[PDB]
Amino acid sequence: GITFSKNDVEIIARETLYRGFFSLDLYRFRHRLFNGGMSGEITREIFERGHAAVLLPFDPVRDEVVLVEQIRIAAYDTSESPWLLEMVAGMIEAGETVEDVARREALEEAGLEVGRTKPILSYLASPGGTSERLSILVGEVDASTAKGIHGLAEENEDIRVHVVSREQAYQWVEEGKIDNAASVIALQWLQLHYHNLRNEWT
């Protein structure tokens, strides 16, 4: 496994470079080197935007997945369209749990009640430049109740529900039609675990 621990790094200071809806911080730190020495003082720019909960809504009876479609303008420059097919997800605020956020967002974004849940994985989105961690759950849903247009208007959130079969969703990952990290991770996990999960939940 890894070589060094938090006993091997000192964060000297963090400087807020930008404070708005999100923050950008300069971390100043020193750390042990693999060759046996200590680094000098290093600085890194880090995008601070909190952490998120992600829900894969899976119907184990029908072998169906619920996707949500919404515009993500940051996708515009490298994608055919900025509207993406994604997992239910939202930011975790102070004192909330991953699972309570997932359930609130499943209701607000897809009109879905969630039954049983299991953790998938918790991952760092891009840890060279952002602290963001996302914790994915799979949630038992009745996909026949998933339809229509959702999202909170007062937050300029406009979301369309799509229901597909599991195999169809995974085909869309293979084809590049679904290409955001949270959805790729969740649906690859589903393809590796669906036999046991469907058995557990049926």
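One-based numbering along the sequence shown. Only the largest set of C-alpha atoms that superpose within 1.5 Å between the two forms is called the rigid core.
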Do the Cα atoms of 192-200 stray more than those of 1-9 in 8 other deposited structures of this protein, or is it the other way round, with the core held fixed? 1-9
Compare 46-54 with 30-38 and report which one shows the larger root mean square C-alpha deviation from this form in 8 other deposited structures of this protein once the rigid core is superposed. 30-38
In at least a third of the other compared PDB entries, does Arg133 have no coordinates? no
In a third or more of the other compared PDB entries with flanking residues modelled, does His150 go missing? yes
Mean CA temperature factor from the deposited coordinates, higher in 169-177 or in 147-155? 147-155
Can you let me know which of the two, 187-195 or 13-21, has the higher average C-alpha B-factor in the entry? 13-21
Tell me which of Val88, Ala125, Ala94, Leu85 tops the list for C-alpha B factor in the record. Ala94
Checking the record values for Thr43, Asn35, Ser135, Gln70, which has the greatest CA B factor? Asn35
Report the third (lowest, middle or highest) to which the CA temperature factor of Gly111 belongs, ranking only the modelled residues of the same chain. highest
Just say lowest, middle or highest third for the CA B-factor of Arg49 relative to the other modelled residues in its chain. middle
